[PDB]
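Residue numbers (PDB author numbering), protein chains in the order written: chain n, 3092 to 3138; chain o, 3092 to 3138; chain k, 1 to 15, 20 to 45, 54 to 200, 230 to 266, 355 to 422; chain m, 50 to 92; chain l, 50 to 94. Written out below as structure tokens is the structure these notes cover.
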Amino acid sequence: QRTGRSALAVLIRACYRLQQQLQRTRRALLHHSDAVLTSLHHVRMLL
Amino acid sequence: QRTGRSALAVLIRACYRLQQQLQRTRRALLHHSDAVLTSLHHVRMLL
Amino acid sequence: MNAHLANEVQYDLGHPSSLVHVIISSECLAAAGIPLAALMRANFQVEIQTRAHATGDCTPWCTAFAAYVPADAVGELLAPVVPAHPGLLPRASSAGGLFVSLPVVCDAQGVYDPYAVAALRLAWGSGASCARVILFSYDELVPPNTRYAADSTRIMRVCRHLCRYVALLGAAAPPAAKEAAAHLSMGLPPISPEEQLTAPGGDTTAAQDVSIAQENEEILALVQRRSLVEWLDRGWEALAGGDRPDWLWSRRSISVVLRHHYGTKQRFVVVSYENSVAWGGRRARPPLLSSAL
Amino acid sequence: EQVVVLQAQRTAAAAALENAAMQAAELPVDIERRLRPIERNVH
Amino acid sequence: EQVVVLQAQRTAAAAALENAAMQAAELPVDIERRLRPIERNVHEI
């Protein structure tokens, strides 16, 4: 009973967190990349 | 014999290729992003 | 359109180098210092030479061809107008400038030199007082990539507007266009030229959209486990009544790349066709242009 | 002579920003279509 | 006097580009900061 039910919990903790790791890379690469477009629009404001 | 050994080969082909898909996103997002830094340094050369 | 046709005949017959088809905007001409109404008064001779990098020596003046359109400039490419049936292709408005192809000096294993200049000269009268010189660096002429993928939604619209117009025309249709309107309907908003200029996608960004797609469809399959171009040609030959080689290239793929002018900050458009010997065309002659320098 | 150079250089790179602004406008695009066919792959 | 005014703008524009350069030079650090542990996680499987 405890052999098959706990060995799958290895792959439970892996799959539900890889769903979470790619969500931060959606956010942290858009809250960083918009600063680039913030900087480039600022340079045109100087001109 | 063929039931358990071939059902894991589904998850064999999935895991060794997800190791490969993220390697191209390391390369193709650095051979693209360095062109942005190439462009911005070129604009300062005009000034 | 005719100004790009009548230039590639000069380039086909050898007069190694390259050729870049350019649409100047109206406001790029205005800030360059020419009067726009003087050009309105349909080909037009324009002398063009190329200058080197830090040498002084230059190509002598060669006469090339031009045509200024007070109209939509880019929309004249994408949605041409039959004089008989004016409401065939509805389109949006845009600015209107001249069409001039520009020569690009190459090498063997063709790598163009930046910071050298290809030069125009617009002459609208007699005397040097009625002439200005517009300059183009090789940084200015050549973008990295074409955008033929942005053209894919346009021909699929012209397929619809023929099916809409012939059904609008009814029984007074020519019988050839009656057939082609039915067959295009089995094969299945105005044409806005400003949407292709601002669409965020090139060719190499679209070629990468295949390799990201095919390799992701495979693993997601592992989790579980007379063409239409020909029928368009018989629509125009029935509704208008002729070939009109202006209109031959409008039915095929056209990449419309937006650029900016270094002298006067205004925009201009670099255009490449499918049946074009010049740069960006799918029938091009080696060696091609490369930005190695 | 220097003003005619110094002005033409400033108007030059003003155009090169808008070539780069349309070039750098794909960075919020280029991240999206690389992560999303891997998220549904895991999900 | 036109030289002094425009050279004040040339050095002012160079600061905003270097603000923009050092902002976007940190992006290749992040791709080799965010994806490398995620590659290690898939190797655990």
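The beta carbon of each residue, even a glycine, is placed where N, CA and C say it ideally should be.
Identify which residue in k:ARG355, k:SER141, k:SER22 has its Cα closest to the Cα of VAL406 (chain k).
In the third sequence, counting from the first residue as 1, residue 406 (chain k) sits at position 277. Among k:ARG355, k:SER141, k:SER22, the Cα nearest to that of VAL406 (chain k) is on k:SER22.
Based on the DSSP output, what are the partners of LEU3109 (chain o) in its beta bridges?
Against the second sequence, residue 3109 (chain o) aligns to sequence position 18. None, per the DSSP bridge assignment.
Does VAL52 (chain m) come within less than 7 Å of chain l when only Cβ atoms are used?
Taking the first residue of the fourth sequence as 1, we reach residue 52 (chain m) at position 3. Taking Cβ atoms only, chain l reaches closer than 7 Å to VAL52 (chain m), which makes this a yes.
For the alpha helix (DSSP H) containing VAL358 (chain k), list its first residue and its last residue.
Walking along the third sequence from the start, residue 358 (chain k) turns up at place 229. Unbroken alpha helix (DSSP H) run through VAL358 (chain k): 357-368.
Count the other C-beta atoms from every protein chain shown that fall within 10 angstroms of the C-beta of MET168 (chain k), then say buried if there are 16 or more, exposed otherwise.
Numbered from its first residue, the third sequence carries residue 168 (chain k) at position 156. So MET168 (chain k) counts as exposed.
For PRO156 (chain k) and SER420 (chain k), which I take to be in contact (beta-carbon distance under 8 Å), what is that distance rounded to the nearest angstrom?
On the third sequence, residue 156 (chain k) is found 144 positions in, with the first residue counted as 1. On the third sequence, residue 420 (chain k) is found 291 positions in, with the first residue counted as 1. Between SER420 (chain k) and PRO156 (chain k) the Cβ distance is about 7 Å, and since that is below 8 Å, they are a contact.
Using only the alpha-carbon positions, how far apart do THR246 (chain k) and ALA183 (chain k) sit?
The residue labelled residue 246 (chain k) in the question sits at position 205 within the third sequence. The residue labelled residue 183 (chain k) in the question sits at position 171 within the third sequence. Spanning the two alpha carbons is a distance of roughly 46 Å.
Taking CB distances under 7 Å as the criterion, tell me whether residue 101 (chain m) reaches chain l.
Residue 101 (chain m) is absent from the structure shown; chain m starts at 50 and stops at 92.
For the region 361-375 of chain k and the region 69-89 of chain l, state whether three or more C-beta atom pairs, one from each stretch, are separated by less than 8 Å.
Segments in contact, no.
Check each candidate in k:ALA413, k:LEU238, k:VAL117, k:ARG176 and name the one with the smallest Cα separation from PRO230 (chain k).
Locating residue 230 (chain k) in the third sequence gives position 189, counting from the first residue. Of the candidates k:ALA413, k:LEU238, k:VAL117, k:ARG176, the one whose C-alpha sits nearest the C-alpha of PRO230 (chain k) is k:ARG176.
Relative to the alpha-carbon of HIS389 (chain k), which residue among k:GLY14, k:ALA35, k:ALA6 has its alpha-carbon at the smallest distance?
Counting from 1 along the third sequence, the entry for residue 389 (chain k) is found at position 260. Nearest option by C-alpha distance: k:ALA35.
For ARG166 (chain k), is the classification buried or exposed, using 16 other Cβ atoms within 10 angstroms of its Cβ as the cut-off for buried?
In the third sequence, counting from the first residue as 1, residue 166 (chain k) sits at position 154. It is buried - the Cβ of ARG166 (chain k) has at least 16 other Cβ atoms within 10 Å.
Alpha carbon to alpha carbon, what distance is there between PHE77 (chain k) and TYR11 (chain k)?
As a first step, residue 11 (chain k) is located in the third sequence; it is residue number 11 there, counting from the start. As a first step, residue 77 (chain k) is located in the third sequence; it is residue number 65 there, counting from the start. Cα to Cα, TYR11 (chain k) sits roughly 12 Å from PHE77 (chain k).
Per DSSP, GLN61 (chain k) forms a beta bridge with which residues?
Position 49 of the third sequence, counting from 1, holds the residue named residue 61 (chain k). BP columns for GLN61 (chain k) point to k:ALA131.
According to DSSP, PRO115 (chain k) sits in a beta bridge with which residue or residues?
Taking the first residue of the third sequence as position 1, residue 115 (chain k) is located at position 103. Partner(s): k:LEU23.
Taking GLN3112 (chain o) as the query, report the chain m residues whose CB atoms sit under 7 Å from its CB, ordered along the chain.
Along the second sequence, one-based indexing puts residue 3112 (chain o) at 21. Going along chain m in sequence order, the residues near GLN3112 (chain o) (Cβ under 7 Å) are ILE87.
Can you find at least 3 beta carbon pairs, one from the region 183-196 of chain k and one from the region 55-71 of chain k, that sit closer than 8 Å?
No contact exists between the region 183-196 of chain k and the region 55-71 of chain k.
What does the alpha-carbon distance come out to for the pair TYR391 (chain k) and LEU147 (chain k)?
As a first step, residue 391 (chain k) is located in the third sequence; it is residue number 262 there, counting from the start. As a first step, residue 147 (chain k) is located in the third sequence; it is residue number 135 there, counting from the start. Looking at the two C-alpha atoms, the distance is approximately 9 Å.
Does the beta-carbon distance from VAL3134 (chain n) to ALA65 (chain l) come in below 7 Å?
Position 43 of the first sequence, counted from the first residue, corresponds to residue 3134 (chain n). Position 16 of the fifth sequence, counted from the first residue, corresponds to residue 65 (chain l). Yes, they are a contact pair.
Quick one: list the residues of chain m neighbouring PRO241 (chain k), beta-carbon separation under 9 Å, in chain order.
By 1-based counting over the third sequence, the position of residue 241 (chain k) is 200. In chain order: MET71, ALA74, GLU75, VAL78.
Inspect the CB distances between the region 56-66 of chain k and the region 120-134 of chain k and report whether three or more fall short of 8 Å.
Taking 8 Å as the limit for Cβ pairs, the verdict is that the region 120-134 of chain k does touch the region 56-66 of chain k.
Shortest alpha-carbon distance to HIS92 (chain m) belongs to which of n:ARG3118, n:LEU3121, n:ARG3093, n:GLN3112?
One-based indexing of the fourth sequence puts residue 92 (chain m) at position 43. Answer by Cα proximity: n:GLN3112.
Please determine, among k:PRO39, k:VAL398, k:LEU13, the residue with the shortest C-alpha to C-alpha distance to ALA143 (chain k).
In the third sequence, counting from the first residue as 1, residue 143 (chain k) sits at position 131. Minimum Cα distance to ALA143 (chain k) is reached at k:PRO39.
Excluding five sequence neighbours on each side, which residues of the same chain lie with their C-beta closer than 7 Å to the C-beta of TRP365 (chain k)?
Indexing the third sequence from 1 puts residue 365 (chain k) at position 236. Around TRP365 (chain k): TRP376.
Could you give the distance in angstroms between the alpha-carbon of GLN237 (chain k) and the alpha-carbon of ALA74 (chain m)?
Here the question's residue 237 (chain k) lines up with position 196 in the third sequence. Here the question's residue 74 (chain m) lines up with position 25 in the fourth sequence. Their Cα atoms are separated by approximately 15 Å.
Locate the alpha helix (DSSP H) running through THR60 (chain m), then write down its first and last residues.
Sequence index remark: in the fourth sequence, residue 60 (chain m) carries index 11 (1-based). Element bounds for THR60 (chain m): 51-72.
Could you have a look at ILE232 (chain k) and say whether DSSP puts it in helix, strand or coil?
Along the third sequence, one-based indexing puts residue 232 (chain k) at 191. In the structure shown, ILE232 (chain k) sits in a strand (DSSP, three-state: E or B).
Pair every Cβ in the region 3093-3109 of chain o with every Cβ in the region 250-266 of chain k, then say whether three or more of these pairs are closer than 8 Å.
The answer is yes - the region 250-266 of chain k touches the region 3093-3109 of chain o, with three or more Cβ pairs under 8 Å.
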